[PDB]
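Undergrad: Handing you this structure, nothing more for now.
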Ligand SMILES: Nc1ncnc2c1ncn2[C@@H]1O[C@H](COP(=O)(O)OP(=O)(O)OP(=O)(O)O)[C@@H](O)[C@H]1O
Ligand SMILES: Nc1ncnc2c1ncn2[C@@H]1O[C@H](COP(=O)(O)OP(=O)(O)O)[C@@H](O)[C@H]1O
Ligand SMILES: [Mg+2]
Ligand SMILES: [Mg+2]
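Residue numbers (my numbering), protein chains in the order written: chain A, 1 to 551; chain B, 552 to 1121.
Encoded structure:
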């Protein structure tokens, strides 16, 4: 399969800086394996000494070599496991940071078409099951490679003749597994079909029991369920019979080698080319290789089966954004003018149904406008185009004889901010949420901008400070239902153009933000949107919106 | 569990034979290390060669007999557990259908099926595998310990003393490992909740252009996590060290004490070879036994949850005991008031009074939402009257047998249902025995299915899906009327029978109801909104809501100038 090769190569390149940890883990794994396969060789040395002339100098020296290899192998295995689980957590933190940093630069078509629950599952839970692919597979693979080479190297040193007797029956185990797994996969298909037929009766009887009870045929569904159970029973017995027969064949074939290995062992050691402890070292060594060669032969199938979970994470990171090309502007002096002509904007999510038709209007430094529309006519849709939140699919928005797409990401949004019907309050303190979007220099500006609406009575009454915590959304905000906090956030950054989507309203008594009260000092433009046609105080331009059209 | 053990009581003969064959197989399996020791000692003692031709033959016969008896014992245990699983699934199915219809409510379709199909099979599969492995390795662990006492009396005391040292320390340091991993997992979930909260308000974030603030807020939680898992890697390094030093130092102590014991003259060197080969087999036998135990411990508690569900008791009466001949068929309704058991605080039906005399027609018409379909469900034994008397030939419905009564009273629903079988079987569904081929055609001709199914190439043996993809709305009502007519019931109830049924079938159902001589032996009740069907009805009832407003014949109701004329002219 060529589909999993590109994903494996990208996943291998994700662990580039953890190469020194992988080298030290491989070095500690080799030393731990070498310590493990050397104690049974020394075990045959003690039995060799015990069956002859006893001398306490070599017997104590042999035991001292057991202890030195025991502390060495346990320390090498202990430091290997700790290093592998440190790489697993360091890999997990890298992919999680790279995913969210890539996801933050995506268009808003991705955050409304896809549910936020799906993104939470691919960021919190899926990357944990994806990070542990490499430390688990590299530990299993590098253990079986060294140990098989290490044990078979110890085979040839003891007896090259007796090694080949156990080296020429491994095809029998492989041929037994190959012929058994094919028959086991055929029977499992039949079991799934029979258990689907058994569930078919329960779909019929339970769902429509009103018809069954009204005709007195409840015993018919009981009798019909017995036929479905008997067919599942017979297939279960055939599955258990073929499994038990395979275990009998494998155990007999394993026994016949051991009887043959021992029979040649007694004949060779009688003549004088082997000792008693050499046979014990050979017997302990030979039982270890049987399980580890079976893990080695079936590691590639397990590795590719477990790797099929990184497709969703890698597609979210590497997908192409829909944002246009940014650029530079002239931030020296701003004339504070906005021009608009021939808008035919439609949402990229729903291009078939338009929202705004051809309209033109202008904003002046010494004037304030008003937008009135009943419902669904593009009340906040026009406000989304001015702040470069959405790009038009027909026509363009101008700002002093140049469009808005070539403006930079920072200075355009610092000069144009807006407030809406749902002012989202983020986690943190009041001071952190008042001056959100500002890098610094808020410690000398919050106290003069938070008193815009009605001075301070909601915050001043308790804790005598701005450092009162808020929490999540749906919190203890009572300053005009978290509206006073949002407008005071807007006047912190002293923007040139302010858009008020659903301001004033019942709080129109607080009218210190619409007229000269905020604007008209120097040059400043304010756009007001109201649902009901209220008389605009000190009006300069009146605009009424109806289905994307104005008078 | 006592009742789970008492469920497996008839298989005591097979369970006794299985325990014997396991013991005989485990005794014969431990033959190769036990015969390695003597043969190696026999060469080093320079013994005779008249035993080598026989000792290898004996040792090969024993383990061959141990391999076959393992296969025979595993064959019996897999056969008996299969019959137990098939028996348990059948009996838990029959207990489900014995409950009242209140328990279902057309909303427990998912939870009931997960309790009958999914859980039962997974519970029996966990029991049949874990108990088999626990019984196989307990005997092997006991047999090895029995023979390790024979080979030595000092070395077998050493490995029993240090056995709790092997399998108690790794558990304790392991408890320190996920105690710290709980805080790492908790901090991982808290960091993801901050990033999700900052991402769901993306138009607010994009309007203010503060992605760097969210990148720094995400990075602060990751640096606190990076501090915590460094202690996690240290904790596993200690945990992985102490499970490997105790295992290998145990072999050193066994060999050194054996080295002291052999040189004293107690046992020979070859007896130490058997004891070395018994250490690795006994250690893995204990280790497999300890890993099995959490599986059976959890599965026993799950089986106690199913067993408590098995003895759920219903609220309806079970059945009756009287089977008469020459049934009258008249059913009397006397002061019947019914309330739904779902919401007993609100009354939905009260004050019914009529009589369905045999041979006449009694049809009730009401507006939408008047609650007439619950009256027809009350006619049979689907529900029970709360404070009324339902009289059928001088006796109530629970006094009659469940199988006999529903064979005598047949009804169709407002929305008929079709079961996924042959249409010949679905016509004769619910019958005790299958009738002849002519009687199905006679019932289908009267219902009208023969005028359409003759054109189908499959005849009367067409196979239909689970719910109404092959049969149309007219065909579904056509096969529903034949189903209620094959048994020749004594009381026939029709609910919206001609709502979508075709005009030729609305024709020949009218001479069947009004002109055919088969109406003399039945009493019919219709709940239909069609004004072209109740002209020859002998009794007409009006159900505006709750109770009967007025009733009478055709001419009396028009002369009365009531609400019946106003609904007719509309
Ligand atoms: N299982 C139930 N438990 C409680 N209330 C129910 C149940 N099923 C239905 N209901 C409610 O009780 C009412 C009883 O009216 P009923 O079902 O007898 O009328 P219907 O004859 O089917 O209606 P229509 O006027 O459409 O012909 C239903 O309309 C419904 O609102
Ligand atoms: N998030 C959205 N995605 C797609 N279409 C939208 C969205 N919000 C509004 N619309 C569509 O745009 C039209 C105009 O909405 P608009 O008047 O701007 O809403 P509001 O009155 O809240 O400002 C509506 O008919 C609506 O169907
Ligand atoms: Mg709006
Ligand atoms: Mg109805």
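Built from N, CA and C at the ideal position, the CB exists for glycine as well.
Can you tell me where the alpha helix (DSSP H) holding residue 978 of chain B begins and where it ends?
TA: That run of the alpha helix (DSSP H) goes 974-978.
Undergrad: Just to check, is the beta-carbon of residue 888 of chain B closer than 7 Å to a non-hydrogen atom of ligand 1?
TA: no
Undergrad: Give me the Cα-Cα distance between residue 663 of chain B and residue 221 of chain A, rounded to the nearest whole angstrom.
TA: Residue 663 of chain B and residue 221 of chain A: Cα-Cα distance of roughly 16 Å.
Undergrad: Sorry if obvious, but does the Cβ on residue 357 of chain A come closer than 7 Å to a heavy atom of ligand 1?
TA: no
Undergrad: Would you verify that the beta carbon of residue 476 of chain A is, or is not, closer than 8 Å to some beta carbon of chain B?
TA: It does not; no Cβ of chain B falls within 8 Å.
Undergrad: Do residue 559 of chain B and residue 667 of chain B have their C-beta atoms within less than 8 Å of each other?
TA: no
Undergrad: What in chain A is Cβ-close to residue 752 of chain B, meaning under 7 Å?
TA: 424
Undergrad: Can you determine whether any heavy atom of ligand 4 sits closer than 7 Å to the C-beta of residue 968 of chain B, and answer yes or no?
TA: no
Undergrad: Any heavy atom of ligand 1 closer than 7 Å to the CB of residue 923 of chain B?
TA: yes
Undergrad: Note down the Cα distance separating residue 331 of chain A from residue 398 of chain A, rounded to an integer number of angstroms.
TA: 16 Å
Undergrad: For residue 115 of chain A, verify whether its CB is less than 7 Å away from any heavy atom of ligand 3.
TA: Here the distance from the Cβ of residue 115 of chain A to the nearest heavy atom of ligand 3 is not below 7 Å.
Undergrad: Residues in its own chain within less than 6 Å of residue 953 of chain B by CB, not counting five upstream and five downstream?
TA: 870
Undergrad: Helix or strand or just coil, what does DSSP make of residue 459 of chain A?
TA: coil
Undergrad: Against residue 699 of chain B, what residues of chain A qualify as contacts under a CB-to-CB distance less than 7 Å, listed in chain order?
TA: Those within 7 Å of residue 699 of chain B in chain A number zero; the least Cβ separation is about 17 Å.
Undergrad: Which ranges does the alpha helix (DSSP H) cover as unbroken runs of at least 4 residues, wholly within the stretch 249-332 of chain A, from first to last along the chain?
TA: If one requires a minimum length of 4 residues, the alpha helix (DSSP H) runs lying completely within the stretch 249-332 of chain A are 276-297, 300-306 and 311-318, in chain order.
Undergrad: Please check if any C-beta of chain A sits within less than 8 Å of the C-beta of residue 792 of chain B.
TA: yes
Undergrad: Which residue comes first and which comes last in the alpha helix (DSSP H) that contains residue 1004 of chain B?
TA: 1001-1004
Undergrad: Check whether the stretch 471-479 of chain A and the stretch 420-435 of chain A touch, using three or more Cβ-Cβ pairs below 8 Å as the test.
TA: yes
Undergrad: Return yes when the Cβ of residue 1030 of chain B is within less than 8 Å of the Cβ of residue 1051 of chain B, no when it is not.
TA: no
Undergrad: Under 8 Å between C-beta atoms, does residue 86 of chain A make it to chain B?
TA: yes
Undergrad: Using a beta-carbon distance cut-off of less than 8 Å, what residues from the stretch 60-76 of chain A approach chain B?
TA: Going along the stretch 60-76 of chain A in chain order, one finds 63, 66, 67, 70, 71, 73, 74 and 75 with a Cβ nearer than 8 Å to chain B.
Undergrad: Give the range of the alpha helix (DSSP H) segment to which residue 800 of chain B is assigned.
TA: 762-814
Undergrad: For residue 338 of chain A, which of A/83, A/527 and A/58 has the nearest alpha-carbon?
TA: A/527
Undergrad: Sort B/753, B/579 and B/963 by Cα distance to residue 1035 of chain B and report the nearest one.
TA: B/963
Undergrad: According to a CB-to-CB cut-off of less than 8 Å, which residues of the stretch 769-785 of chain B neighbour chain A?
TA: For the stretch 769-785 of chain B, which is checked against every Cβ of chain A, the residues closer than 8 Å are 769, 770, 773, 776, 777, 780, 781, 783, 784 and 785.
Undergrad: Using a C-beta to C-beta distance shorter than 9 Å, which residues of chain B count as neighbours of residue 5 of chain A?
TA: Within chain B, no residue comes near residue 5 of chain A; the closest Cβ sits about 31 Å away, beyond 9 Å.
Undergrad: Among the candidates B/743, B/877 and B/1006, whose CA atom is the shortest distance from the CA of residue 117 of chain A?
TA: Nearest C-alpha to residue 117 of chain A: B/743.
Undergrad: Just reading off the alpha helix (DSSP H) that residue 93 of chain A is part of, what are its end residues?
TA: Counting along the chain, residue 93 of chain A sits inside the alpha helix (DSSP H) bounded by residues 56-103.
Undergrad: Between which two residues does the beta strand (DSSP E) carrying residue 527 of chain A extend?
TA: 525-530
Undergrad: Taking only beta-carbon positions, decide if residue 663 of chain B is within less than 8 Å of chain A.
TA: Closer than 8 Å to some Cβ of chain A, the Cβ of residue 663 of chain B qualifies, so yes.
Undergrad: Among all the DSSP beta bridges, which residues are the ones paired with residue 1102 of chain B?
TA: B/1092
Undergrad: Report yes or no: do the stretch 926-936 of chain B and the stretch 946-960 of chain B share at least 3 C-beta pairs separated by less than 8 Å?
TA: yes
Undergrad: Hey, out of A/33, A/525, A/79 and A/69, whose CA is closest to residue 149 of chain A's CA?
TA: A/33
Undergrad: Does the beta carbon of residue 799 of chain B come closer than 8 Å to any beta carbon on chain A?
TA: It does; some Cβ of chain A falls within 8 Å.
Undergrad: Ordered along the chain, which non-local residues of its own chain (more than five positions away) have a Cβ less than 6 Å from that of residue 489 of chain A?
TA: 434
Undergrad: I want to verify the contact list: residues of chain B whose CB lies under 7 Å from the CB of residue 217 of chain A, in sequence order.
TA: 980 and 981
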